[PDB]
Amino acid sequence: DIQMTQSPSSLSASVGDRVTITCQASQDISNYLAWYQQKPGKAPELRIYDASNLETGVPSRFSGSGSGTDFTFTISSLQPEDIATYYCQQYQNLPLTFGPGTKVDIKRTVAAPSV
Amino acid sequence: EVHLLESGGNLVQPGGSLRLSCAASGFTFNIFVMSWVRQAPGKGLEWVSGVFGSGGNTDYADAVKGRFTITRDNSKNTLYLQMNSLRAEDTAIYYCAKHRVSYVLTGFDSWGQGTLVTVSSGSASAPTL
């Protein structure tokens, strides 16, 4: 199919932070990409379509860049409302393909496992 | 305002068959493309099948092929999935999703809430080793 890759798997940031996710394609996909937010036990929610366009009433804080191969999604400021699994979806062809996902989380308790 | 309501998912035996339904609102249902996408425990999202306005062209994923059947009732603006030949790989939260525009090659504008389909008897039953 199209393979979609999501760098990285999980992260932990902090309120206020700027956070960046990488979604990479197999084919050249032009800019036929969608981001989704998914708070646990919720349906996915459309964030960005067409690589860059913000769905109506999303906050300009969520951002989407890239075309072809590499895509970037950025949150300029962390809000506790953004806790979630992020997804990218290609629509260059069928089967419509989603990427594994990027789980975004607060820094809490564990060493920032920095040994 | 899009309201996609889903029923019918429940625990089922392997070799079983379910009929999922998803009902839509606050959009011209009959002009839009509709898809079912599932989500396996310990897995991301897989689009399953798409149906085309008229209940015309339908497309399926290879996994789902001959086992699952997608049908729309436009007169009651409902979506159906007939899941034959159930295997554990089919265990998932099933979502009905609205195409952002009236075409397959689209993101999903609006999602339903999710129905769970547990295709499980009792894991696996082997004794000889």
# chains A, B, ... in the order shown; residues from 1 in each chain; ligands from 1
$ residues_around --residues "residue A:42" --least-positions-apart "2" --cutoff "10 Å" --atoms "only C-alpha atoms" --output "count of residues only"
11
$ interface_residues --of "chain A" --to "chain B" --cutoff "10 Å" --atoms "only C-alpha atoms" --output "JSON, numbers by chain"
{"A": [32, 33, 34, 35, 36, 41, 42, 43, 44, 45, 46, 47, 48, 49, 50, 55, 85, 87, 88, 89, 90, 91, 92, 93, 94, 95, 96, 97, 98, 99, 100, 101]}
$ write_last_selection --atoms "C-alpha atoms" --output "PDB file, in the first residue's frame"
ATOM      1  CA  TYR A  32      -2.712  14.539   0.420  1.00  0.00           C
ATOM      2  CA  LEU A  33      -2.494  14.306   4.180  1.00  0.00           C
ATOM      3  CA  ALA A  34      -4.629  14.631   7.279  1.00  0.00           C
ATOM      4  CA  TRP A  35      -3.771  14.914  10.974  1.00  0.00           C
ATOM      5  CA  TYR A  36      -5.991  13.549  13.723  1.00  0.00           C
ATOM      6  CA  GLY A  41     -11.566   6.753  24.623  1.00  0.00           C
ATOM      7  CA  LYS A  42     -12.468   9.267  21.914  1.00  0.00           C
ATOM      8  CA  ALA A  43     -13.032   9.121  18.185  1.00  0.00           C
ATOM      9  CA  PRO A  44     -10.228  10.621  16.124  1.00  0.00           C
ATOM     10  CA  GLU A  45     -10.759  14.341  15.420  1.00  0.00           C
ATOM     11  CA  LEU A  46      -9.648  16.026  12.152  1.00  0.00           C
ATOM     12  CA  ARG A  47      -6.999  18.673  12.857  1.00  0.00           C
ATOM     13  CA  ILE A  48      -5.269  19.514   9.569  1.00  0.00           C
ATOM     14  CA  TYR A  49      -6.143  18.572   5.986  1.00  0.00           C
ATOM     15  CA  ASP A  50      -4.223  19.154   2.783  1.00  0.00           C
ATOM     16  CA  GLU A  55     -10.195  22.381   9.988  1.00  0.00           C
ATOM     17  CA  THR A  85      -2.520  10.154  20.055  1.00  0.00           C
ATOM     18  CA  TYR A  87      -2.279  10.334  13.422  1.00  0.00           C
ATOM     19  CA  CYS A  88      -1.474  11.091   9.781  1.00  0.00           C
ATOM     20  CA  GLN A  89      -3.515   9.683   6.905  1.00  0.00           C
ATOM     21  CA  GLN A  90      -2.625   9.578   3.216  1.00  0.00           C
ATOM     22  CA  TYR A  91      -5.205  10.011   0.447  1.00  0.00           C
ATOM     23  CA  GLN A  92      -3.086   9.619  -2.680  1.00  0.00           C
ATOM     24  CA  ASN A  93      -4.690   6.222  -3.298  1.00  0.00           C
ATOM     25  CA  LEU A  94      -6.532   3.222  -1.868  1.00  0.00           C
ATOM     26  CA  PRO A  95      -6.236   1.511   0.506  1.00  0.00           C
ATOM     27  CA  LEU A  96      -6.458   4.761   2.476  1.00  0.00           C
ATOM     28  CA  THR A  97      -3.570   4.382   4.921  1.00  0.00           C
ATOM     29  CA  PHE A  98      -3.026   5.662   8.413  1.00  0.00           C
ATOM     30  CA  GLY A  99       0.270   5.760  10.260  1.00  0.00           C
ATOM     31  CA  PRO A 100       1.005   4.089  13.572  1.00  0.00           C
ATOM     32  CA  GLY A 101       0.529   7.250  15.683  1.00  0.00           C
TER      33      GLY A 101
END
$ atom_distance --atom1 "atom CA of residue B:99" --atom2 "atom CA of residue A:67"
21.6 Å
$ residues_around --residues "stretch 2-14 of chain B" --least-positions-apart "4" --cutoff "12 Å" --atoms "only C-alpha atoms" --output "PyMOL selection string"
(chain A and resi 43) or (chain B and resi 18-29+32+34-36+38+77-100+108-124)
$ select_by_dssp --residues "chain B" --states "helix (DSSP H, G or I)" --output "list in words"
residues 29, 30, 31, 65, 66, 67, 74, 75, 76, 88, 89 and 90 of chain B
$ write_last_selection --atoms "N, CA and C atoms" --output "PDB file, in the first residue's frame"
ATOM      1  N   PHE B  29     -26.618  13.340   3.659  1.00  0.00           N
ATOM      2  CA  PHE B  29     -26.026  12.001   3.746  1.00  0.00           C
ATOM      3  C   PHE B  29     -25.768  11.433   2.356  1.00  0.00           C
ATOM      4  N   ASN B  30     -26.815  11.533   1.561  1.00  0.00           N
ATOM      5  CA  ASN B  30     -26.905  10.857   0.259  1.00  0.00           C
ATOM      6  C   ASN B  30     -26.009  11.482  -0.804  1.00  0.00           C
ATOM      7  N   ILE B  31     -25.319  12.549  -0.439  1.00  0.00           N
ATOM      8  CA  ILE B  31     -24.384  13.185  -1.380  1.00  0.00           C
ATOM      9  C   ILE B  31     -22.932  12.872  -0.986  1.00  0.00           C
ATOM     10  N   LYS B  65     -12.092  -8.232   2.470  1.00  0.00           N
ATOM     11  CA  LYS B  65     -12.720  -8.525   1.185  1.00  0.00           C
ATOM     12  C   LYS B  65     -14.054  -9.236   1.223  1.00  0.00           C
ATOM     13  N   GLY B  66     -14.065 -10.522   0.912  1.00  0.00           N
ATOM     14  CA  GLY B  66     -15.319 -11.266   0.694  1.00  0.00           C
ATOM     15  C   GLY B  66     -16.140 -11.473   1.957  1.00  0.00           C
ATOM     16  N   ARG B  67     -15.550 -11.148   3.093  1.00  0.00           N
ATOM     17  CA  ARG B  67     -16.186 -11.457   4.394  1.00  0.00           C
ATOM     18  C   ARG B  67     -17.148 -10.344   4.779  1.00  0.00           C
ATOM     19  N   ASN B  74     -30.259   4.952   2.175  1.00  0.00           N
ATOM     20  CA  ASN B  74     -30.371   6.407   1.996  1.00  0.00           C
ATOM     21  C   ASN B  74     -31.709   6.937   2.523  1.00  0.00           C
ATOM     22  N   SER B  75     -32.775   6.170   2.333  1.00  0.00           N
ATOM     23  CA  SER B  75     -34.103   6.553   2.801  1.00  0.00           C
ATOM     24  C   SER B  75     -34.167   6.748   4.320  1.00  0.00           C
ATOM     25  N   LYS B  76     -33.210   6.191   5.036  1.00  0.00           N
ATOM     26  CA  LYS B  76     -33.198   6.359   6.519  1.00  0.00           C
ATOM     27  C   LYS B  76     -31.828   6.829   6.961  1.00  0.00           C
ATOM     28  N   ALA B  88     -10.511 -13.448  14.863  1.00  0.00           N
ATOM     29  CA  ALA B  88      -9.937 -12.598  15.891  1.00  0.00           C
ATOM     30  C   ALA B  88      -9.257 -11.362  15.355  1.00  0.00           C
ATOM     31  N   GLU B  89      -8.584 -11.437  14.218  1.00  0.00           N
ATOM     32  CA  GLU B  89      -7.947 -10.258  13.597  1.00  0.00           C
ATOM     33  C   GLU B  89      -8.948  -9.129  13.381  1.00  0.00           C
ATOM     34  N   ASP B  90     -10.230  -9.474  13.346  1.00  0.00           N
ATOM     35  CA  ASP B  90     -11.333  -8.538  13.188  1.00  0.00           C
ATOM     36  C   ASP B  90     -11.768  -7.888  14.499  1.00  0.00           C
TER      37      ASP B  90
END
$ atom_distance --atom1 "atom CA of residue B:52" --atom2 "atom CA of residue B:1"
20.9 Å
$ atom_distance --atom1 "atom CA of residue B:57" --atom2 "atom CA of residue B:73"
14.5 Å
$ residues_around --residues "residue A:4" --least-positions-apart "2" --cutoff "7 Å" --atoms "only C-alpha atoms" --output "number ranges by chain"
A: 2, 6, 23-26, 98-99
